[PDB]
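Values in this text are rule-based calculations from the coordinates and carry no lab data. Cβ: placed from backbone, ideal geometry, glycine included. Neighbour counts: every protein chain shown.
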């Protein structure tokens, strides 16, 4: 009986309650100690962890330290108190089923013990939690500390609560459902107290564990890609992997590439220009420079800021090339540059080898040379050796006729610098890629309606995430080997979306190449870190 | 133990009961406060909501406000009391199964909080409800109010009870059964009281939420369509959608079309007449007018009142046309009209283009012209420019030979005005269309027996519903995004039938085009609003 009535209740204490309160008087009187408060007499949600059938008996599923961030109201009280002492009560709620079976171990690890595969939890003083249990199992975490109280920001040695598999999960069916969800509920014990009030301006946890940076509208509203500034309408998985390093920021404060996160401008000053044909009338202007001549870019020397990282396609004559990256721009002379009036055109930029003779596409940035060839006729063609470009940052895709080529780019055309981390499918999970509807040259009126499927362009990660990750350091905010998981809820289903230590995003679709639409998406919700062996759910509307 | 014995029982109070009774004395003494009454010591049915496997953890299933309409006996007591105060007790009964799993959150939201996807119920003071639970979980709703009492008709700020998914519903089988039903039972608490008696003539809720308008006989007895005045014997689904706007009334007090809801008469005064052939003996009289010349119709100018909204079929010679709309009628001259004696015939009416030359069928009403051609020979043919028609409102279907053509109309032949809302299948639900056995011209004795299948004509919605909707305004009686659902019970099964904000009716048959017979239908029952993501049940007799 846990209702909203006057109620008798029973707030269960800890084993060391007489010595916890008495020695916590070094911080003064105990604060927020009152047993009739309704933040102390109820269980509230703390965390959910997935227990799958593919886990060893004794493998650790849920580990957490003694901390006031384990409860939503003691963490709220923690910003106005510079010190805490006392125990905590944990309740475990299993989703389960009648057909499922297997037990779990919940025990309080004393301080000074490593937590891992070698730890044997079944010989600790523990409680046993079935998969098919109705009434949730309650354990109490005593405050076993070498200090008198735990100051917030440096709590010292704290006990640890470890959830391990007592008997492995069995499903007598076979496939389909092969995982379960267990909910941890947390209530303060009798001896829990706060001491030594502080100003709430002081803060300890400033890394959300990459959380508050990805909210819901980011996907059903505002939100742009890393290649074009297009609105995100889809996630599309790729099996096998891909690599992106242009505006892709990892969880530390670093990147491997050029192009600071802003769609402003592409401007380069030194580099050679040419045009074919003996007649200087109605030709295609071709500009080239080598890799490593960008002195003005303070991040990386390999490219000007905003240069597209795609491989040049070899085309000649009056034919419009299939796919690619075109942008509107002009060529300008050096020595206090004023541009030439009679050359402003759409230009396709990219990476080649063997310019200006036999042009071949390139995969690696080392040994490559940046090329810039016009797709439309221009009445003047210059050939001066100091010359540069000025191309807008937002681009469109050049197409021969209408229809729909493919989602652009493909995973093999994307250029990488040396030393880049590659996405790899782990388990049944596979990486995703964020899609956006972009304008094209074969059809300017590419409204998302009739007259063939509209063109989709795919970038790696959302820009809000790039902006909110660039400033902060998250070297300990996510434990390697796991990913941080959000919970998307559609109108007729739900999905789990992960985020690794490398900036990549994962979904458990498996071997499928079908676009997933965020038309009916409503809300997202943080969950926390979860390991890579657990398959993210795919209970979609289909 | 809840029997019909003398009984000790326990009527569980609320947390603010001492201040709820004392401050509700502003309305005088508390009324209907007696703890031995059997309307206060028992749980009674309030609502049922469907919890499906396709719902996100934390998605809201059941929301309800603190109100005396939550109990069947306090709502009965509410018409004779102008004010109430006190709490309420809620009990949740799950159908469930042993093989099902997943939990729910029941919590009382304090006033001043929005209810939606952003609301997190799991951190409220709550109770947990399993899917496989036997004993029903009881929560108490305290009366947390900024006022002293809630006057009926304007209760002010009230607490809200929100049911959210704690762990998502899992079915280890696969398909087939993918939803569950949860029943909410409601009992008044200890401090519930009424104040300030009023005359029962005063009423607050006058919108049943479109409910009492659709009873059972409407389908197994009286009840007619919107096209012919035929008795309803079937519902037939269509996949893909359809549009009807003639006598189709949406949930507001409006329509998009002509034809007030009554099968009286079709009468038009101005329009041209003709007959082919040089001989004025045994010809087919052809009458035409343009769209927009109907001055006499006060609703819409596009047609006379009662004109059938079907596309004219092009036929010539002595052949009887297949399908269509024929009705008995005559042509009358203007200037205090007395009709011509020698022309009374069956006429096929409809919509064409390019009259009287190359006649083509029309889809949109704009740019069309109303046509009226006789199917049988008539000994006189007039050609006077002011002439009109007088055709009875009830019609029959013209057929070349007996047999059975198809159900008429098809979804593509039905004409629409510009600005019409179209039916669309959402989820596994699909729209239905009400069938009726109508007389034909190829076989007058079309009794529902032997000698081929009888002809079926289909209209959009039942007329009782059109009559009972025309007068009242239901702008808030059904929350958009959902539909109001009734529960049909046959002799060997049951079905859920929905009703949206546009007047369309839904059933969860899926991709099937099979007629469903209301021969063994017995009773219907209201349920309430239910969202469009939930699939309506199809446990039929087969």
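Quick test for you: out of A:171, A:167, A:229, A:224, pick the one residue that is surrounded by fewer than 17 Cβ atoms within 10 Å (Cβ to Cβ) and farther than 30 Å from residue A:88 by Cβ.
None of the other options fit; the residue is A:229.
When segment B:116-131 is examined, which residues are found to be within 23 Å of residue A:131 (Cβ to Cβ) and more than 34 Å from the chain's Cα centre (by Cα)?
Within segment B:116-131, B:122, B:126, B:127, B:128 qualify.
Of the residues B:89, B:35, which is in a strand (DSSP E or B) and either farther than 30 Å from residue A:215 by Cβ or over 33 Å from the mean Cα position of the chain (by Cα) (or both)?
Of the residues listed, the single one that is in a strand (DSSP E or B) and either farther than 30 Å from residue A:215 by Cβ or over 33 Å from the mean Cα position of the chain (by Cα) (or both) is B:89.
Restricting attention to segment A:520-539, and to residues there that are in a loop (DSSP other than H, G, I, E, B) and closer than 22 Å to residue A:425 by Cα, which single residue is nearest to the other protein chains (Cβ to nearest Cβ)?
In this case the residue turns out to be A:537.
Taking the stated definitions as given, is residue A:182 within 30 Å of residue A:489 (Cβ to Cβ), out of contact with any helix residue (DSSP H, G or I) (no Cβ under 8 Å at 6 or more places or on another chain) and in contact (Cβ under 8 Å) with a residue 40 or more places away in the chain?
yes
Would you mind finding the one in A:355, A:330, A:323 that is farther than 17 Å from residue A:441 by Cβ, in contact (Cβ under 8 Å) with a residue 24 or more places away in the chain and in a loop (DSSP other than H, G, I, E, B)?
After ruling out the rest, the residue left standing is A:355.
Do we find a residue being assigned to a loop (DSSP other than H, G, I, E, B), within 11 Å of chain B (Cβ to nearest Cβ) and under 25 Å from residue B:58 (Cα atoms) anywhere in segment A:7-30?
no
Quick check: is even one residue across segment B:466-480 within 14 Å of chain A (Cβ to nearest Cβ) and surrounded by fewer than 21 Cβ atoms within 10 Å (Cβ to Cβ)?
Yes, the conditions are met somewhere in segment B:466-480.
Pick out the one residue from B:370, B:382 that is on the phi < 0 side of the Ramachandran plot and part of a loop (DSSP other than H, G, I, E, B).
B:382
Can you name the residue in segment B:429-447 that is in contact (Cβ under 8 Å) with a residue 40 or more places away in the chain and assigned to a loop (DSSP other than H, G, I, E, B) and is also nearest to residue B:518 (Cα to Cα) among such residues?
B:438
Can you tell me how many residues in segment A:449-461 are surrounded by fewer than 22 Cβ atoms within 10 Å (Cβ to Cβ) and in contact (Cβ under 8 Å) with a residue 24 or more places away in the chain?
Selection size over segment A:449-461: 5.
Here are some conditions: (1) part of a loop (DSSP other than H, G, I, E, B); (2) in contact (Cβ under 8 Å) with a residue 24 or more places away in the chain. Residue B:316 meets all but one. Which one does it not meet?
Among (1) part of a loop (DSSP other than H, G, I, E, B); (2) in contact (Cβ under 8 Å) with a residue 24 or more places away in the chain, the lone unmet condition for residue B:316 is (2).
Could you please let me know if residue B:146 is under 30 Å from residue B:468 (Cα atoms), exposed (fewer than 15 other Cβ atoms within 10 Å of the Cβ) and away from chain A (no Cβ under 11 Å)?
The answer is no for residue B:146.
Please tell me if residue B:423 is touching a strand residue (DSSP E or B) at 6+ places or on another chain (Cβ under 6 Å), buried (at least 17 other Cβ atoms within 10 Å of the Cβ) and in a loop (DSSP other than H, G, I, E, B).
yes
From the residues in segment B:502-515 that are touching a strand residue (DSSP E or B) at 6+ places or on another chain (Cβ under 8 Å) and surrounded by 21 or more Cβ atoms within 10 Å (Cβ to Cβ), which one is nearest to residue B:423 (Cα to Cα)?
The extreme case among them is B:504.
Looking at segment A:39-71, which of its residues are outside any helix (DSSP H, G or I), within 28 Å of the chain's Cα centre (by Cα), surrounded by 16 or more Cβ atoms within 10 Å (Cβ to Cβ) and within 14 Å of chain B (Cβ to nearest Cβ)?
A:44, A:45, A:46, A:47, A:48, A:49, A:50, A:51, A:52, A:71
Given the options B:518, B:469, B:499, name the one that is more than 29 Å from residue B:419 (Cα to Cα) and touching a residue at least 40 places away in the same chain (Cβ under 8 Å).
Exactly one residue qualifies, and that residue is B:518.
May I ask you to list the residues in segment B:473-509 that are assigned to a loop (DSSP other than H, G, I, E, B) and closer than 15 Å to residue B:533 by Cβ?
B:479, B:480, B:481, B:500, B:508
Residue A:97 versus (1) within 11 Å of chain B (Cβ to nearest Cβ); (2) in a helix (DSSP H, G or I); (3) crowded, with 21+ Cβ neighbours inside 10 Å: which is the lone unmet condition?
If we test residue A:97 against (1) within 11 Å of chain B (Cβ to nearest Cβ); (2) in a helix (DSSP H, G or I); (3) crowded, with 21+ Cβ neighbours inside 10 Å, just (2) comes out false.
Take the residues in segment A:72-86 that are under 29 Å from the mean Cα position of the chain (by Cα) and not in a helix (DSSP H, G or I), then tell me which one is surrounded by the most Cβ atoms within 10 Å (Cβ to Cβ).
A:73
Got a number for residues in segment B:156-215 being more than 16 Å from residue B:68 (Cα to Cα) and either assigned to a strand (DSSP E or B) or within 14 Å of another protein chain (Cβ to nearest Cβ) (or both)?
Qualifying residue count, segment B:156-215: 22.
Looking only at segment A:246-279, which residues are touching a strand residue (DSSP E or B) at 6+ places or on another chain (Cβ under 6 Å) and within 30 Å of residue A:208 (Cα to Cα)?
none
Tally the residues that are away from chain B (no Cβ under 14 Å), surrounded by 15 or more Cβ atoms within 10 Å (Cβ to Cβ) and assigned to a loop (DSSP other than H, G, I, E, B), restricting the search to segment A:105-142.
So the count comes out to 3.
Looking for whichever is closer than 30 Å to residue A:6 by Cα and touching a strand residue (DSSP E or B) at 6+ places or on another chain (Cβ under 7 Å) here; the options are B:146, B:151, B:142. Which one fits?
Of B:146, B:151, B:142, the one residue that is closer than 30 Å to residue A:6 by Cα and touching a strand residue (DSSP E or B) at 6+ places or on another chain (Cβ under 7 Å) is B:142.
Go through the residues of segment B:334-343 one by one and say whether even a single one is within 27 Å of residue B:420 (Cβ to Cβ) and touching a residue at least 24 places away in the same chain (Cβ under 8 Å).
No, because not a single residue in segment B:334-343 is within 27 Å of residue B:420 (Cβ to Cβ) and touching a residue at least 24 places away in the same chain (Cβ under 8 Å).
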